[PDB]
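*Asks:* As input, take my_file-v6.pdb (PDB, C-alpha atoms):
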MODEL        1
ATOM      1  CA  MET A   1       0.000   0.000   0.000  1.00  0.00           C
ATOM      2  CA  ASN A   2       2.774   2.422  -0.968  1.00  0.00           C
ATOM      3  CA  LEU A   3       5.412   3.246  -3.593  1.00  0.00           C
ATOM      4  CA  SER A   4       7.722   0.681  -5.183  1.00  0.00           C
ATOM      5  CA  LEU A   5      11.061  -0.001  -3.465  1.00  0.00           C
ATOM      6  CA  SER A   6      13.011   0.843  -6.548  1.00  0.00           C
ATOM      7  CA  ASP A   7      11.426   4.288  -6.963  1.00  0.00           C
ATOM      8  CA  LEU A   8      11.098   4.608  -3.186  1.00  0.00           C
ATOM      9  CA  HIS A   9      14.829   4.286  -2.665  1.00  0.00           C
ATOM     10  CA  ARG A  10      15.225   6.439  -5.741  1.00  0.00           C
ATOM     11  CA  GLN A  11      13.211   9.407  -4.468  1.00  0.00           C
ATOM     12  CA  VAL A  12      14.009   8.861  -0.771  1.00  0.00           C
ATOM     13  CA  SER A  13      17.714   8.326  -1.504  1.00  0.00           C
ATOM     14  CA  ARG A  14      17.784  11.302  -3.834  1.00  0.00           C
ATOM     15  CA  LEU A  15      16.512  13.646  -1.161  1.00  0.00           C
ATOM     16  CA  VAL A  16      18.585  12.300   1.733  1.00  0.00           C
ATOM     17  CA  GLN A  17      21.784  11.722  -0.238  1.00  0.00           C
ATOM     18  CA  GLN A  18      21.466  15.266  -1.619  1.00  0.00           C
ATOM     19  CA  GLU A  19      18.577  17.437  -0.402  1.00  0.00           C
ATOM     20  CA  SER A  20      17.778  16.507   3.198  1.00  0.00           C
ATOM     21  CA  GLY A  21      21.161  15.339   4.461  1.00  0.00           C
ATOM     22  CA  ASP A  22      19.724  12.552   6.592  1.00  0.00           C
ATOM     23  CA  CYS A  23      16.457  13.987   7.911  1.00  0.00           C
ATOM     24  CA  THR A  24      12.843  12.834   8.266  1.00  0.00           C
ATOM     25  CA  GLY A  25      10.920  11.612   5.251  1.00  0.00           C
ATOM     26  CA  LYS A  26       7.197  11.973   4.694  1.00  0.00           C
ATOM     27  CA  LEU A  27       5.303   9.188   2.905  1.00  0.00           C
ATOM     28  CA  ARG A  28       1.983   9.134   1.040  1.00  0.00           C
ATOM     29  CA  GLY A  29       2.399   7.835  -2.491  1.00  0.00           C
ATOM     30  CA  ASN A  30       5.572   9.916  -2.588  1.00  0.00           C
ATOM     31  CA  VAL A  31       8.519  10.910  -0.390  1.00  0.00           C
ATOM     32  CA  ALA A  32       9.049  14.351   1.110  1.00  0.00           C
ATOM     33  CA  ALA A  33      11.761  16.036   3.174  1.00  0.00           C
ATOM     34  CA  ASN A  34      11.164  16.930   6.818  1.00  0.00           C
ATOM     35  CA  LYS A  35      13.608  19.284   8.539  1.00  0.00           C
ATOM     36  CA  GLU A  36      11.334  21.531  10.624  1.00  0.00           C
ATOM     37  CA  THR A  37      10.615  19.092  13.454  1.00  0.00           C
ATOM     38  CA  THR A  38      12.097  15.585  13.192  1.00  0.00           C
ATOM     39  CA  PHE A  39      10.746  12.360  14.755  1.00  0.00           C
ATOM     40  CA  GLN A  40      11.422   9.651  17.392  1.00  0.00           C
ATOM     41  CA  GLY A  41       9.237   6.661  16.555  1.00  0.00           C
ATOM     42  CA  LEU A  42       6.207   8.615  17.864  1.00  0.00           C
ATOM     43  CA  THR A  43       2.945   7.329  16.374  1.00  0.00           C
ATOM     44  CA  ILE A  44       1.533  10.853  15.986  1.00  0.00           C
ATOM     45  CA  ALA A  45      -0.161  10.278  19.355  1.00  0.00           C
ATOM     46  CA  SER A  46       2.195  12.786  20.974  1.00  0.00           C
ATOM     47  CA  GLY A  47       3.460  15.195  18.333  1.00  0.00           C
ATOM     48  CA  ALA A  48       4.616  13.478  15.152  1.00  0.00           C
ATOM     49  CA  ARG A  49       3.671  13.574  11.479  1.00  0.00           C
ATOM     50  CA  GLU A  50       1.323  10.885  10.134  1.00  0.00           C
ATOM     51  CA  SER A  51       3.807  10.788   7.260  1.00  0.00           C
ATOM     52  CA  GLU A  52       6.787   9.511   9.272  1.00  0.00           C
ATOM     53  CA  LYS A  53       4.614   6.790  10.796  1.00  0.00           C
ATOM     54  CA  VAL A  54       3.245   5.637   7.435  1.00  0.00           C
ATOM     55  CA  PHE A  55       6.769   5.693   6.013  1.00  0.00           C
ATOM     56  CA  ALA A  56       7.807   3.514   8.953  1.00  0.00           C
ATOM     57  CA  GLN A  57       5.131   0.921   8.243  1.00  0.00           C
ATOM     58  CA  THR A  58       6.011   0.953   4.543  1.00  0.00           C
ATOM     59  CA  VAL A  59       9.755   0.839   5.059  1.00  0.00           C
ATOM     60  CA  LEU A  60       9.367  -1.818   7.760  1.00  0.00           C
ATOM     61  CA  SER A  61       6.909  -3.850   5.695  1.00  0.00           C
ATOM     62  CA  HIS A  62       8.935  -3.753   2.473  1.00  0.00           C
ATOM     63  CA  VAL A  63      11.947  -5.073   4.378  1.00  0.00           C
ATOM     64  CA  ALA A  64      10.431  -7.430   6.941  1.00  0.00           C
ATOM     65  CA  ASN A  65      13.976  -8.897   7.242  1.00  0.00           C
ATOM     66  CA  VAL A  66      16.279  -7.942   4.340  1.00  0.00           C
ATOM     67  CA  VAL A  67      19.960  -8.255   5.388  1.00  0.00           C
ATOM     68  CA  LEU A  68      21.573  -4.793   5.512  1.00  0.00           C
ATOM     69  CA  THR A  69      25.251  -5.059   4.606  1.00  0.00           C
ATOM     70  CA  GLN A  70      27.840  -2.963   6.469  1.00  0.00           C
ATOM     71  CA  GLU A  71      26.332   0.192   4.976  1.00  0.00           C
ATOM     72  CA  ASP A  72      22.675  -0.303   5.927  1.00  0.00           C
ATOM     73  CA  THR A  73      23.985  -1.381   9.334  1.00  0.00           C
ATOM     74  CA  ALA A  74      25.893   1.832  10.019  1.00  0.00           C
ATOM     75  CA  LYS A  75      22.923   3.371   8.210  1.00  0.00           C
ATOM     76  CA  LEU A  76      20.320   2.638  10.898  1.00  0.00           C
ATOM     77  CA  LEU A  77      23.041   3.007  13.506  1.00  0.00           C
ATOM     78  CA  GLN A  78      23.567   6.545  12.272  1.00  0.00           C
ATOM     79  CA  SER A  79      19.980   7.724  11.837  1.00  0.00           C
ATOM     80  CA  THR A  80      19.082   5.854  15.031  1.00  0.00           C
ATOM     81  CA  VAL A  81      22.045   6.663  17.279  1.00  0.00           C
ATOM     82  CA  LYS A  82      22.144  10.126  15.674  1.00  0.00           C
ATOM     83  CA  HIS A  83      19.965  12.003  18.172  1.00  0.00           C
ATOM     84  CA  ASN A  84      18.166   9.637  20.558  1.00  0.00           C
ATOM     85  CA  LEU A  85      14.899   7.798  21.257  1.00  0.00           C
ATOM     86  CA  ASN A  86      15.548   4.149  20.384  1.00  0.00           C
ATOM     87  CA  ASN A  87      12.998   3.197  17.722  1.00  0.00           C
ATOM     88  CA  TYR A  88      14.925   0.883  15.387  1.00  0.00           C
ATOM     89  CA  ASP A  89      16.111  -2.528  16.468  1.00  0.00           C
ATOM     90  CA  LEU A  90      19.004  -4.353  14.835  1.00  0.00           C
ATOM     91  CA  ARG A  91      21.029  -7.571  14.949  1.00  0.00           C
ATOM     92  CA  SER A  92      24.200  -8.223  12.935  1.00  0.00           C
ATOM     93  CA  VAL A  93      25.333 -11.316  11.063  1.00  0.00           C
ATOM     94  CA  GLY A  94      25.683 -12.010   7.309  1.00  0.00           C
ATOM     95  CA  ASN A  95      29.442 -11.811   7.908  1.00  0.00           C
ATOM     96  CA  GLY A  96      29.117  -8.107   7.165  1.00  0.00           C
ATOM     97  CA  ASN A  97      25.331  -7.832   7.103  1.00  0.00           C
ATOM     98  CA  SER A  98      22.626  -7.373   9.721  1.00  0.00           C
ATOM     99  CA  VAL A  99      18.949  -8.033  10.214  1.00  0.00           C
ATOM    100  CA  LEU A 100      16.615  -5.109  10.699  1.00  0.00           C
ATOM    101  CA  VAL A 101      13.938  -5.435  13.299  1.00  0.00           C
ATOM    102  CA  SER A 102      12.726  -1.942  13.953  1.00  0.00           C
ATOM    103  CA  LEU A 103       9.842   0.093  15.177  1.00  0.00           C
ATOM    104  CA  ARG A 104       9.318   0.906  18.839  1.00  0.00           C
ATOM    105  CA  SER A 105       6.547   3.333  17.844  1.00  0.00           C
ATOM    106  CA  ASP A 106       5.568   4.339  14.318  1.00  0.00           C
ATOM    107  CA  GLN A 107       7.784   7.084  12.916  1.00  0.00           C
ATOM    108  CA  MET A 108      10.503   6.936  10.266  1.00  0.00           C
ATOM    109  CA  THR A 109      13.031   9.342   8.777  1.00  0.00           C
ATOM    110  CA  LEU A 110      14.487   9.930   5.306  1.00  0.00           C
ATOM    111  CA  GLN A 111      17.716   8.172   6.291  1.00  0.00           C
ATOM    112  CA  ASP A 112      16.065   5.277   8.137  1.00  0.00           C
ATOM    113  CA  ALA A 113      13.563   5.022   5.294  1.00  0.00           C
ATOM    114  CA  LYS A 114      16.315   4.803   2.691  1.00  0.00           C
ATOM    115  CA  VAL A 115      18.233   2.497   5.026  1.00  0.00           C
ATOM    116  CA  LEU A 116      15.653  -0.241   5.257  1.00  0.00           C
ATOM    117  CA  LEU A 117      14.682   0.359   1.644  1.00  0.00           C
ATOM    118  CA  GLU A 118      18.306   0.107   0.637  1.00  0.00           C
ATOM    119  CA  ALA A 119      18.364  -3.348   2.106  1.00  0.00           C
ATOM    120  CA  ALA A 120      14.729  -3.737   1.077  1.00  0.00           C
ATOM    121  CA  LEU A 121      15.146  -2.991  -2.585  1.00  0.00           C
ATOM    122  CA  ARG A 122      18.591  -4.608  -2.414  1.00  0.00           C
ATOM    123  CA  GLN A 123      17.287  -7.968  -1.231  1.00  0.00           C
ATOM    124  CA  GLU A 124      13.769  -7.593  -2.685  1.00  0.00           C
ATOM    125  CA  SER A 125      13.727  -5.534  -5.893  1.00  0.00           C
ATOM    126  CA  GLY A 126      17.165  -4.149  -6.663  1.00  0.00           C
ATOM    127  CA  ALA A 127      16.568  -1.791  -9.560  1.00  0.00           C
ATOM    128  CA  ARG A 128      12.956  -2.951  -9.643  1.00  0.00           C
ATOM    129  CA  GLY A 129      12.467  -6.667  -9.120  1.00  0.00           C
ATOM    130  CA  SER A 130       9.618  -7.306  -6.690  1.00  0.00           C
TER     131      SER A 130
ATOM    132  CA  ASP B 202      -5.477  11.173  -3.636  1.00  0.00           C
ATOM    133  CA  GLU B 203      -1.996  12.072  -2.390  1.00  0.00           C
ATOM    134  CA  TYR B 204       0.758  13.550  -4.574  1.00  0.00           C
ATOM    135  CA  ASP B 205       0.782  12.604  -8.256  1.00  0.00           C
ATOM    136  CA  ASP B 206       4.449  11.721  -8.758  1.00  0.00           C
ATOM    137  CA  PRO B 207       7.195  11.063  -6.147  1.00  0.00           C
ATOM    138  CA  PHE B 208      10.775  12.364  -6.013  1.00  0.00           C
TER     139      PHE B 208
ENDMDL
END
Please go through the file and, once you have read it, give me the structure as structure tokens.
*Replies:*
Amino acid sequence: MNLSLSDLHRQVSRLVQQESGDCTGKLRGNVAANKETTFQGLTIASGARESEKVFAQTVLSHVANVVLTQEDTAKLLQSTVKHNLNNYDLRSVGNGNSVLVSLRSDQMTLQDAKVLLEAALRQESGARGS
Amino acid sequence: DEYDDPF
């Protein structure tokens, strides 16, 4: 019930990698850049954006496991350990890969979004594969 | 609906 990994990573990665500089991404059939506030897993019950949440469910659903190499690992580690509020959960293996189990409230960011989708599209689509 | 095109 969202965009396609391939494009997802494309738009999300295009903003973060050069437009948002690792910020919060808004989802809803498209990806947007959030710099005003931020996030913290919040499910909009406190003071978050329905976007982040949705993006979290979409980025978490698409992955549902993936494998995250060394990059995606440091990826979540960065966006997660960046500020605070533990929302993403991770476990490493794959020699140089890790498994992404994340949530702890529904709210995602541009980086985190691209992170899981990097491993998502990587292991799932990879330049559109499904 | 939401936005037309992403990116």
*Asks:* Within 12 Å of residue 56 in chain A, counting all atoms listed in the file, which residues qualify if same-chain residues fewer than 3 places away don't, as a ChimeraX atom specification?
*Replies:* /A:2,24-28,31,39-44,49-53,59-64,87-88,101-117
*Asks:* Neighbouring residues of residue 204 in chain B were defined as those with any atom within 7 Å, considering all atoms listed in the file; residues of the same chain fewer than 2 positions away were excluded. Please report them as a PyMOL selection string.
*Replies:* (chain A and resi 29-30) or (chain B and resi 202+206)
*Asks:* Pull out every residue of chain A that has at least one atom within 10 Å of chain B, counting only C-alpha atoms, and report them as a ChimeraX atom specification.
*Replies:* /A:3,7-15,27-33
*Asks:* What does the structure give for the distance between CA of residue 17 in chain A and CA of residue 70 in chain A, in Å to one decimal?
*Replies:*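 Straight-line distance from CA of residue 17 in chain A to CA of residue 70 in chain A works out to 17.2 Å.
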*Asks:* Find the distance between CA of residue 97 in chain A and CA of residue 82 in chain A and write it in Å to one decimal.
*Replies:*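 Computing the Euclidean distance for CA of residue 97 in chain A and CA of residue 82 in chain A yields 20.2 Å.
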*Asks:* At what distance in Å, to one decimal, does CA of residue 78 in chain A lie from CA of residue 91 in chain A?
*Replies:*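 Rounded to one decimal, the two atoms are 14.6 Å apart.
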*Asks:* Skip residue 122 in chain A itself and residues of its chain fewer than 3 positions away, then list as a PyMOL selection string all residues within 9 Å of it, counting all atoms listed in the file.
*Replies:* chain A and resi 5-6+66-68+117-119+125-127
*Asks:* Kindly export the residues of the current selection with C-alpha atoms, as a short mmCIF file (atom, residue, chain, number, x, y, z; two decimals), in the frame of the given file.
*Replies:*
data_model
loop_
_atom_site.label_atom_id
_atom_site.label_comp_id
_atom_site.auth_asym_id
_atom_site.auth_seq_id
_atom_site.Cartn_x
_atom_site.Cartn_y
_atom_site.Cartn_z
CA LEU A 5 11.06 0.00 -3.46
CA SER A 6 13.01 0.84 -6.55
CA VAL A 66 16.28 -7.94 4.34
CA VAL A 67 19.96 -8.26 5.39
CA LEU A 68 21.57 -4.79 5.51
CA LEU A 117 14.68 0.36 1.64
CA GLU A 118 18.31 0.11 0.64
CA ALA A 119 18.36 -3.35 2.11
CA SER A 125 13.73 -5.53 -5.89
CA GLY A 126 17.16 -4.15 -6.66
CA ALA A 127 16.57 -1.79 -9.56
#
*Asks:* Would you give the centre and edge lengths, in Å to one decimal, of a box along x, y and z around the listed atoms of chain B, with 4 Å added to each side, as JSON?
*Replies:*
{"center_x": 2.6, "center_y": 12.3, "center_z": -5.6, "size_x": 24.3, "size_y": 10.5, "size_z": 14.4}
*Asks:* Taking (21.1, -2.7, 18.0) in the file's coordinates as the center, which residues reach within 10 Å of it, counting all atoms listed in the file, put as an NGL selection string?
*Replies:* :A and (73 or 76-77 or 80-81 or 86 or 88-92 or 98-102)
*Asks:* Selection from above, C-alpha atoms, as a CSV table (one decimal), in the frame of the given file, can you write it?
*Replies:*
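Saved to result26.csv:
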chain,number,residue,atom,x,y,z
A,73,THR,CA,24.0,-1.4,9.3
A,76,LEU,CA,20.3,2.6,10.9
A,77,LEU,CA,23.0,3.0,13.5
A,80,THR,CA,19.1,5.9,15.0
A,81,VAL,CA,22.0,6.7,17.3
A,86,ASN,CA,15.5,4.1,20.4
A,88,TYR,CA,14.9,0.9,15.4
A,89,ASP,CA,16.1,-2.5,16.5
A,90,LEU,CA,19.0,-4.4,14.8
A,91,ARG,CA,21.0,-7.6,14.9
A,92,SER,CA,24.2,-8.2,12.9
A,98,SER,CA,22.6,-7.4,9.7
A,99,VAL,CA,18.9,-8.0,10.2
A,100,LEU,CA,16.6,-5.1,10.7
A,101,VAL,CA,13.9,-5.4,13.3
A,102,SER,CA,12.7,-1.9,14.0
